[PDB]
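Right, one structure below, let's go through it.
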Amino acid sequence: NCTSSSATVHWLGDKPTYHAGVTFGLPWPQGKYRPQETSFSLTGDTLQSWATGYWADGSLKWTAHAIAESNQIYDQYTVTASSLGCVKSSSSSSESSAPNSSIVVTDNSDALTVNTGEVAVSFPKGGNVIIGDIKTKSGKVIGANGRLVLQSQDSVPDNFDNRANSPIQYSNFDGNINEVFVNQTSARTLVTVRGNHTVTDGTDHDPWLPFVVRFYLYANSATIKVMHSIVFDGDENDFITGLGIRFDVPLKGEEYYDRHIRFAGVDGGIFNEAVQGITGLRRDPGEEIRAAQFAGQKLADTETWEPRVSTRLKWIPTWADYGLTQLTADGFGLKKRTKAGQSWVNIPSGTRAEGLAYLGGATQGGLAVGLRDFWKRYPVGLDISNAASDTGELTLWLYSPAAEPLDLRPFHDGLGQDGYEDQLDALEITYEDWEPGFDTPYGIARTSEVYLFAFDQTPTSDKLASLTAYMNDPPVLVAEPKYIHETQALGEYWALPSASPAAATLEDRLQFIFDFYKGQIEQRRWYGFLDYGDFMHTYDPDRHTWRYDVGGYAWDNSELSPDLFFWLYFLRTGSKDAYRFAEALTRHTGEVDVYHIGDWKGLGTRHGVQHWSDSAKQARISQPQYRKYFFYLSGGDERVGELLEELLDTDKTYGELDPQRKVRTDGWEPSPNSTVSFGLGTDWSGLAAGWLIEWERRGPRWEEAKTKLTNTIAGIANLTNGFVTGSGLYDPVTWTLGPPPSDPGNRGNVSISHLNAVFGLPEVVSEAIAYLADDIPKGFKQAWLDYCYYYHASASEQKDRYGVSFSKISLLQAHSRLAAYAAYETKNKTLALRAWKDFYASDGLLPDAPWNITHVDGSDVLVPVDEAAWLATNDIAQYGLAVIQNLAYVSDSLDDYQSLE
Amino acid sequence: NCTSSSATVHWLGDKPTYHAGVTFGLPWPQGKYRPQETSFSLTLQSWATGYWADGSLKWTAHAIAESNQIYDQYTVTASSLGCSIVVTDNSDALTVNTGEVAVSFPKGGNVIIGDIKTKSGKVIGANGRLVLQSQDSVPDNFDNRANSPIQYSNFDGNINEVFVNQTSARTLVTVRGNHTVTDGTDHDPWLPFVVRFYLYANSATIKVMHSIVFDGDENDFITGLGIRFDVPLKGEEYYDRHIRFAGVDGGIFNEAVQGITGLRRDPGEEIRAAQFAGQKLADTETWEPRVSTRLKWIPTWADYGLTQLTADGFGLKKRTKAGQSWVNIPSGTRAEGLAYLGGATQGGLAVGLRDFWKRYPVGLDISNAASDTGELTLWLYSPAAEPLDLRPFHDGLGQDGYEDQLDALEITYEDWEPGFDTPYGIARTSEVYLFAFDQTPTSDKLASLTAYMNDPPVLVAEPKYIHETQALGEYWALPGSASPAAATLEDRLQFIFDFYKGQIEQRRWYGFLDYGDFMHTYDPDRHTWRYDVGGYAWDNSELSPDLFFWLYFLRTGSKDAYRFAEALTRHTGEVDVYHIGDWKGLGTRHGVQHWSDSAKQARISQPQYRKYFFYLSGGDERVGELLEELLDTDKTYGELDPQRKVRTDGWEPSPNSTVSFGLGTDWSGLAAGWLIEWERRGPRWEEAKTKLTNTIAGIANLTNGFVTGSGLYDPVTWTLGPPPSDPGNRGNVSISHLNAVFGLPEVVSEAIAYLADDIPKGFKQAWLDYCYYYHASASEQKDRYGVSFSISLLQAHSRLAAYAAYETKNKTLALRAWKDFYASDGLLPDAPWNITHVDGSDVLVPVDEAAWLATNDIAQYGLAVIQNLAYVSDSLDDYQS
Ligand SMILES: [Ca+2]
Ligand SMILES: [Ca+2]
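Protein chains in written order, with the entry's author numbering: chain A, 23 to 68, 74 to 524, 526 to 929; chain B, 23 to 65, 74 to 113, 129 to 835, 837 to 927.
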């Protein structure tokens, strides 16, 4: 019979003044709603839907929803779910109403056309043009031949002087379409276009730099959201110099004085000009003619002016090109010229441009284009070309050619390092684990969030400033935290913020950590095309800088799961700032810090001076768990969907590359057609998170992932030392897990690492135990409980059980949460107290650490900066997770712990 | 018998923390002191810079050594008659030795500083060389670079002449030359240069005036311009080699070639703190051995580069060596543009550019710091920037001949012509500083030296004294108000100053060539100054802003005021004037580019504009040089007619043939130039004296005086006769509003006073008549001259009435001067007299505006206030009636 329930959803911060349609996710409790048998309705104070994840029983876990662009914006949106037996025992009569707007698509051998009711855009199925043309509802074309432009060069001169004696061969490229896909729905439609960049001008060069561009169009919207994603293919010789998206804007028929150029400036500023300026001449055509051009309206017929002006328009210059370059994160330049062959006139410019340009006119219409977080991702640009011609160009440079070309080559030569002993010895001084030919960016990726806007006529500047604001803070709808928690669709291991004054200062200290790391991004200028979203790993208290030049201490690359902390922090709080911080991080770490092709497809690169410089290529960085939260909140963002699917191939890498090669003291080395060795902590937490997720989404490979997950859970269980076992051997035909090389026949092996639990293990393990339910392999849960308990048992408790004590245990604050979990699962108050003692005593960040920032200025530093010095990113990340998880599992013990002193 | 007096001299603003030797100037009264006989003491190195008519001292200049002891004031006593650096000559190169540093300058070759030694004898840097890179075309757009590759060419500075003005306290080394190719496509020598090195006793800072004259084709695009040194560091260990960069507002960046801080293992807290402080690291045996072994594994960083390519942002980066990627370094907004390379034991050098970010694109490179020899490079124009493109900004838009050209002038206020859109012969001067160090200095010192170069302390006379000597005109006085009406005038002058000082920042009027100028008229609809409409963009000294801002300094003493007037003069005197070629000595009319207009005219180069700075600086040798160039201005009147377009007449110019001079518009700029050389007693002073006195008597023996609009000048006889509209001199009347507003009243007042009793009969009266009759009734202008006029900038010209009022003791005239001031054109007293702030989506960035004014109005408003107060401030109380 009938089952129905509601969940509410809220704007991430303040209520928007404009949105362009929006997708959101909603969790649902285990077993409540069958797929295909569940309708969903929208209440806005007074619904397009689909599934993104499922429970082990097959019921709905997460769904995504989509609402059209709308004048009417509410403070909150309430979805109601209804089982199908809810309307198949009804005897009432609903009106079936038509939506006021609804998407339609036409299909053809040549092209694919999506009509929202405000625009219609065509997507060629082949060739060197992504978007064929863009029409308003009028029918008129406002822009056309959207194409991807790449430019490269085959070498770099040693320095500026070397230019005269070092030839650079420049080469241009076009986006070649290979595949076009579609997700049609009435409320929004997603066109996914995969491709390749191919030569146009300059030297013949294999096609390269694969792409996939996603176009989101919503009913009733003239706004297209564009998720441009490129994987890097090149080698020592392919230096990128220009990367961008370009449109023709047809202006023929428009008087020059009716053609309009707008660039977004600083803080909701807009730059307002026309191709032929009528304002500030020696003579005046009339107050209202001038006001009108400034406003972007069609100017009165020539006959009504003062004739002093109309007769001499042949002598007023005519500005064909405009250029805006943002080459540092703190200043941009702006210039125009009359045409090629003449010098540019410099325009008064400023600090940080919000990254939108418009080209068009009062009659012919036109389009605006922009990049989200424009200046934060320098070097970038905005070009207008040939605006005094029949067809204008409008270009967004994701990488400005006015910048130095993008050099991805190694930052050093090896410093003489010959083989592992030397490499390991460098590790001891710089924390860098170098290896020859491993400092490579081959396979890394980056996504960019572009927006397109179509106009029937030049819009007001206020509209342009609004769309600019919009683009840079795209409205998000999210589930209430309390509801996400009750559903348990996203972990047992966190809960909301208790009366303990101890607990209250913990919350303050998580806020402190967050406020600090948010501010540092600005202060240390962790900005730029590849860099933005990451932060650094450790500080230099002498120089007052993050150790950007000392091997492993530089870019943090998700070391010790800061990604879990900041996402868990967002879940618990619903803070806008927190989501944005984690959004940015997840777009960096998932794209730039992991390999998407090549022999290492599915491994990421350990923390280093470059995001790819270190040899340790491991699954703990690619760690799918770090993406799960943002995948599901957000309505199954299809890019991350793809990234998660890519990771299913990670097990294949342990045949090509063993992460322990340099330290493994057994015989082992991978060989062909043969069981492969990986870790049970670091490596297996990566593998399992990915398998769990494929199973959850019921994607192409879900059975397989279910098998690999369940068999390895059984293999660890059957290993007589469980996780404490060093870490075993995996068969890539049978999908099973045996004991390691140093112990065939499972007699008992012991290898402990402070790193095994801190890259997702407890989080994946808890979800896996929860998902598998009654089908869980016998005594796997005991083995996990074992690891959790013996890790900071006494040395004699360890020797008793496993044969030897664990001398090299550290990160005791970090592992406090493993006791906390065990304390909850066994209902043991003493084990609970141990979690808190390890949290508050032991290591990491102690409660009596400074817990403040120092300001540093004058001649000590380049710029004024705030600093810790007493903390490092490893510290805060595990602290943060310790606070959250110990509070989830054992808050009932915290005042008890506190009252004993 | 003794004549003795004292004059005191004060810092510009606050007492400086540090100076590196200073030259200042003092005026003296007409007839007080003879040149070789007068001696000067302090509480002193001295020379004459200008003189009065009878040969007595007018302006002196003085130098003091660098001193740890610094005073609030310095008092110079002069007494009438009846009352340390070491230079050495090898047959090869010359060394100046201040006591603290010792610099060798070759007399030829492509190296300009041979070596720099500290007082111990250690060579801290060597091979000072001028550097230049160019390219031969630019692409149309970025896509065009595949199909149109381009020929780069490196050059360096070849020396031709070297001069030495040597004195005990100060020693100026001048080095002329040009840029002579090395690597890249063959190319003739070009880009003539001059580098003046000032060295003072007991200083290791060297001030460096690097001037350049652009003399290339449409095909010469400059991609890089700079000064470069070698820094030795052979003995020094990688972790004892230190790199600094000035950052933002007191900031310094502090690294080392091989860093020992931030490592996985600590060598020692004391060690780590020492590298950070630029000290020699204790013996490696005293380190933690986990760090001292394994030093091999810590990378060395040879190459550092700071690029400042906008006024609001710099990037900073580091590289192990070539063939590896750079690593980006946390950076910021506006770097103050000093770099240091050197070591704890081997010593080093710092270079920088005054006003660095304000003159973008600039850069600082350090290179090969992990090698036997390092390179340290100031880039006055940075390679990381787009090439410097001085070609014209339009193609002519199909203008053909003077009828079209004057038809465009009516809508865009631009007078174009083909071939006149040319930067050939413009110049630019950069103020660079070198600093020599026996060992890596403290970061605190580096910051102090950075602070110093960006605000070089200046020593100036008291305003009461300057005015009292009358050695810079009688046409201004100190503020000290008596009426509330005068007080409001003062407050309005600060309003004008604060607003313009503001707009430089707000409208980013910065850059290599731009910084120092401002713009002409405002577009009130776009809320932008009119940067893109012909003659409404860069002001290029129109209506004598330079006169207003310099006179505003004289009156007040304001540091801000001097600094503004200075930056202006460094622009207008250099990039707005031509220094070589056929137009040498003329400047370009206000435009979109500084050189785009076809009206090349002496009203713009007007030597009066540079006179106040020339003396107050203590004889700035570069402004001195520029003032000599302007003595050739007359030659151009046989090579270009300013009226070639506005002529229903047939006339044309040839060399040594007679020409028409407008008596304000052409003659006052020439008289200015001639009056200055006579005052200085320069190489052409006899020439100058006769050209001035001839033409001054010329104008007196015209029947109608200045009222006769113009004259006819013989280049052969150096004399001035009636205009071709009235040979035989029965009488002419021609009046232009343009004649008084470009320094005419200033030159005439000064000349009358200069000549004294040797003034030609009836010159002063011919002037008073212009001053009286310009805006008298047409009943008073027919009743003499027989043909009543047809008066157009009454506020501006109110000054003239006031001069005549002072001189005639005529209270009717003074009140008319105040009526014309307060109640006609220009800035009326009822005008808004406030700013409007503008933001949101109307503009790119937020701005304050005053659309009710334009630069022409403030320039002439400011002169009228200053001048009317000086001459007729008694008559101001009475005008309130
Ligand atoms: Ca990274
Ligand atoms: Ca100028």
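Beta carbons: idealized from backbone N, C-alpha and C, even for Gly.
Check	Outcome
Chain-ordered chain B contacts of A/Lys341 [CB-CB under 8 Å]	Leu442, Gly443
Integer Cβ distance of B/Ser149 from B/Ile158, believed to fall under 8 Å	7 Å
Helix, strand or coil at A/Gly908 [DSSP, three-state]	helix
Contact set for B/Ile912: own chain, Cβ-Cβ below 6 Å, skip 5 residues either direction	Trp521, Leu596
Assigned exposure category for B/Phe438 - 16 Cβ within 10 Å defines buried	buried
Contact list for A/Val336 against chain B, beta-carbon separation under 8 Å	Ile456
Option in A/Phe208, A/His224, A/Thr227, A/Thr212 with minimal Cα separation from A/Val218	A/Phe208
Three-state secondary structure assigned by DSSP to A/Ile204	strand
Where the alpha helix (DSSP H) containing residue 70 of chain A begins and where it ends	Gap note for chain A: numbering proceeds from 68 to 74 with nothing in between, so residue 70 of chain A has no coordinates.
For B/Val786 and B/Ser589, believed in contact at Cβ under 8 Å, the rounded distance	6 Å
Residues passing the C-beta test against ligand 2 heavy atoms, cut-off 5 Å	B/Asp562, B/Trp583, B/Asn585, B/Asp621, B/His639
Local Cβ density within 10 Å of A/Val761, reported as buried at 16 or more and exposed below that	exposed
Complete beta strand (DSSP E) runs within the stretch 279 to 321 of chain B (minimum length 3 residues, chain order)	286 to 291, 297 to 301
Straight-line Cα distance separating A/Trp235 from A/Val258	9 Å
Distance between A/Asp434 and residue 525 of chain A (C-alpha atoms, nearest Å)	Between 524 and 526 in chain A the model has nothing, and residue 525 of chain A is one of the residues in that span.
Residues bridged to B/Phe150 [DSSP beta-bridge criterion]	B/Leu139
Counterpart residues of A/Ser61 in DSSP-defined beta bridges	A/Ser109
Proximal residues to residue 69 of chain A (C-beta, below 7 Å), its chain only, five neighbours per side dropped	No atoms are given for residue 69 of chain A, which sits in the stretch of chain A between 68 and 74 that the model skips.
Beta-carbon gap between B/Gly408 and B/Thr352 smaller than 8 Å	yes
Short Cβ contact (8 Å threshold) for A/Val396 with A/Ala384	yes
8 Å Cβ cutoff, A/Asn172 in contact with chain B	no
Residue 121 of chain B (DSSP reduced to helix, strand or coil)	One cannot assign coordinates to residue 121 of chain B, given that chain B in this structure leaps from 113 to 129.
Pocket of ligand 1 defined by Cβ to heavy atom distance under 7 Å	A/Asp562, A/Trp583, A/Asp584, A/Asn585, A/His616, A/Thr617, A/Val620, A/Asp621, A/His639
Ligand 3 heavy atom lying under 7 Å from the CB of A/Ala430	Annotation note on ligand 3: not contained in the displayed structure, which lists ligand 1 and ligand 2 as its ligands.
Sequence-distant residues of the same chain with beta carbon closer than 7 Å to A/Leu74, five excluded per side	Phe62, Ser63, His92, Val106
Residues that B/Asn777 bridges to, as DSSP identifies them	Paired residue(s): none; B/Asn777 is not in a bridge.
Inter-residue CB distance, A/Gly313 and A/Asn247 (contact presumed, cutoff 8 Å)	Wrong, their Cβ atoms sit about 38 Å apart, outside the cutoff.
Status (buried if at least 16 other CB within 10 Å, exposed otherwise) for A/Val220	buried
B/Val258 classed as buried or exposed, judged by whether at least 16 other C-beta atoms fall within 10 angstroms	buried
Span of the alpha helix (DSSP H), counted from its first residue to its last, around A/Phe544	529 to 551
6 Å CB neighbourhood of A/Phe238 in its chain, flanking five on each side removed	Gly222, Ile257
Below-8 Å beta-carbon distance, B/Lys546 vs any chain A residue	no
Coarse secondary structure for B/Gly112, derived from DSSP in three states	coil
Nearest-angstrom beta carbon gap, A/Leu409 and A/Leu386 [assumed within contact, 8 Å]	So it is not a contact: roughly 10 Å between Cβ atoms.
Endpoints, beta strand (DSSP E) assigned at A/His224	215 to 229
Any chain B beta carbon closer than 8 Å to residue 932 of chain A	There is simply no residue 932 of chain A to check, as chain A begins at 23 and stops at 929 in what is shown.
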